[PDB]
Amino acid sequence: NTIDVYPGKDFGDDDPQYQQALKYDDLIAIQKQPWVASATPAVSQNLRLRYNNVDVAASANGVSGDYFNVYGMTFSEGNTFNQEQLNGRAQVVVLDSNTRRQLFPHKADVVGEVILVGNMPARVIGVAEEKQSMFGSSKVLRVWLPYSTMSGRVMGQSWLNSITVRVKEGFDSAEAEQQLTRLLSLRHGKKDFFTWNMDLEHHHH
């Protein structure tokens, strides 16, 4: 009914070698299948975070900030983006627990710190805790900014977190998922991704 496609083998696989599994050309190929109503990517930008002498690759996502709820992430410090930050395109950032450890190993509190997100300074407004979330903790360094702040900023190189494929009404969704899987295995020469098929009504994330 809707089918998510994810890179790698298991939930939580965002290691470097999996980030490039799903291609824009794959999205376009899916989009042309006759059983597909629509197919949408979720995209991160890879950039570098700079704080003092730390300079590290990270994946940044622009989110709408009900985002943390729907994935089961809570905040160990600070909070999610408020309405003015979202409307105002504010230069503010939420850290994952890996990023927080990397940049601020010693600090008791990091809310109010400023980091460079690529070439854009951003005030840290919270730290998200991923360990009890749907997919567990990241294997890489993740940050989140307001979607509006990210839109039109070419902050770095994009990769596909996932592709969500809506199946046309009345089509057999198990067979759809099998066709999707054949299509992509053939384009890749292997099964380096996995799928999660569900009721549109349950796709709350």
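Numbers follow the displayed sequence, beginning with 1.
As recorded in the PDB entry, 33-41 is the stretch of 33-41 and 137-145 with the greater mean C-alpha temperature factor.
Higher average CA B factor: 125-133, of the stretches 125-133 and 94-102.
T164 sits in the middle third of its chain by CA B factor, as recorded in the PDB entry. Sort the chain's modelled residues by C-alpha temperature factor and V56 lands in the lowest third, per the entry. Sorting the modelled residues of the chain by their CA temperature factor places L22 in the lowest third. For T181, the recorded CA temperature factor ranks within the middle third of the chain's modelled residues. For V114, the recorded CA B-factor ranks within the lowest third of the chain. Only modelled residues enter the ranking.
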